[PDB]
Amino acid sequence: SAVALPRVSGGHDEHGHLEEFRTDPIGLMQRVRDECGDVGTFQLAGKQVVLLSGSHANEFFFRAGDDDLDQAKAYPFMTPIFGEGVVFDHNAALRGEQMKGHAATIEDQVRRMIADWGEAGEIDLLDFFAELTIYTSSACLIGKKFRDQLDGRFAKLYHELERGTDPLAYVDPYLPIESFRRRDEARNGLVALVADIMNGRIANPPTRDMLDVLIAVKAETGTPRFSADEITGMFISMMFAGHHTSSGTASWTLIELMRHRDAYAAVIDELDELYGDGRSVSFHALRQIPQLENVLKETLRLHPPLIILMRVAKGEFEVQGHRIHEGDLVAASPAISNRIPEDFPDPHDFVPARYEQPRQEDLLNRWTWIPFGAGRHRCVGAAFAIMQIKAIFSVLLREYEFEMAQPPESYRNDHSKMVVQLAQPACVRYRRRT
Ligand code: HEM
Ligand SMILES: [Fe+2]
């Protein structure tokens, strides 16, 4: 036989620990660490997950070559979402020189989103931010003209796509279950929306964006090179990594601000003061806004949108006396690691001061403060994501005041899917400032 790695307790349901991973993934990953240590395992259906935690194990995880731990085929639930379509058999839109423009675009999207708010009212954070980020992502990554042809429908269907990521995907992403069925219908709904837009552009051409370019590409015969399914597949793929992440992070940032009015007041004074120089959001969102940035960092430590990072071992490796065999699913968890007691004093408390100049607990714990991951695969959209949070709230916090419309403890995440979403209701009251 072979040496067995430590295995966390429980996991006696039909698919081992899968059932528990769906109902309470963080509790399960935490128990793995509490019982096994830096290297423990749990069963996800027919796959064994080697969960790593702590600086040393995380370092190995984040510094391993794309040839040692494969990120491909690690997230089987994504295949049906992107589709088989192939256009060209992130980088561009994310170049620094483009940031200024995106910041201006984001400010515009926010103002348009709150345009009808009036003096006072209420909103649900998930509905608001999920939709807002569809508009920010599509406008910045695909084009403003394209976004102007999008409405709440695109948002709703994209949400359905994200919800079609049940852990059962590790059994088979095409299992005949409701969430997967809705997933497929939603994607077809998305393709139809794009097809309608394409037809509208054919009928009355511009007097141009990415869609216009793609629409104009043709094969020999003269027939259009790309179908609506292929283009949609690409657009979906381009917006996925930054949607649910920015959406959730935006909601939690506001939630923590309302939960901690002293930090909220600090941020307000800061914003009012900084923008007193008369420079635009496109200027300030790309520069230092310390109080808000520290609130964001702490929000990300406590509420990382990706609670688990997956890889597929392509060989045999040794991590702290433990053997990883090729074929094993190897994982790291920002959820668990970001709260390691030793690395972050009072890990369960919201303390943006951790990131202040003299403390910088984020830079000090290079292998455990991992909301954006680390190493070679560190989130490439990190700078954009931070800029977006800066731009969104520079507008929101200066225009309106926000208060929780439900118990502070009632705001929570839904972890029933691999793609974490804020749970509803998430009711918040707003009222114009000044
Ligand atoms: C503040 C919100 C965000 C958080 C917390 C976040 C977090 C992460 C994490 C933890 C990873 C690593 C996954 C792994 O190691 O397997 C990642 C990867 C990635 N993220 Fe984000 N992200 C955010 C926003 C965004 C945005 C807005 C974009 C696009 C504009 C984006 C694009 C990407 C891409 C393309 C990757 C893959 C990098 C690679 O493997 O080369 N992210 N992100
Ligand atoms: Fe509400």
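Numbering of ligands and ligand atoms starts at 1, following listing order. Scope of the values below: all heavy atoms of this structure, side chains included, with no hydrogens, waters or symmetry mates. Sequential numbering from 1 along the given sequence is applied to the chain's residues.
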Can you label the angle between the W367 ring and the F62 ring as parallel, tilted or perpendicular, going by 30° and 60°? parallel
Near ligand 1 (heavy atom, under 4.0 angstrom), the protein residues are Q71, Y75, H90, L94, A241, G242, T245, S246, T249, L300, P305, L309, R311, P371, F372, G373, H377, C379, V380, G381, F384, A385
Decide if atom CZ of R359 counts as having more than 12 heavy atoms of other residues, nucleotides or ligands within a radius under 6.0 Å. yes
For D209, the option from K145, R201, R147 that meets side chain to side chain donor-acceptor pair (under 3.5 Å): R201
Is it possible for you to check whether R183 lies under 6.0 Å from the centre of the six-membered ring of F180, through NZ or CZ, and within 45° of that ring's axis? yes
Is the closest side-chain heavy-atom distance between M310 and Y170 below 4.5 Å? yes
If the plane angle is over 60° it's perpendicular, under 30° parallel, otherwise tilted; pick one for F350 and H260. parallel
Please name the residue in the list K297, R339, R354 that meets the salt bridge (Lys or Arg N to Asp or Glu O under 4.0 Å) test with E361. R354
I'd like to verify the contacts: list protein N, O or S atoms under a distance of 2.8 Å from the Fe ion (ligand 2). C427 SG
Looking at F344, I'd like to know if the NZ or CZ of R301 sits under 6.0 Å from its six-membered ring centre while staying within 45 degrees of the ring's axis. yes
Would you verify whether the NZ or CZ of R398 falls within 45 degrees of the ring axis of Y275 while also being under 6.0 Å from that six-membered ring's centre? yes
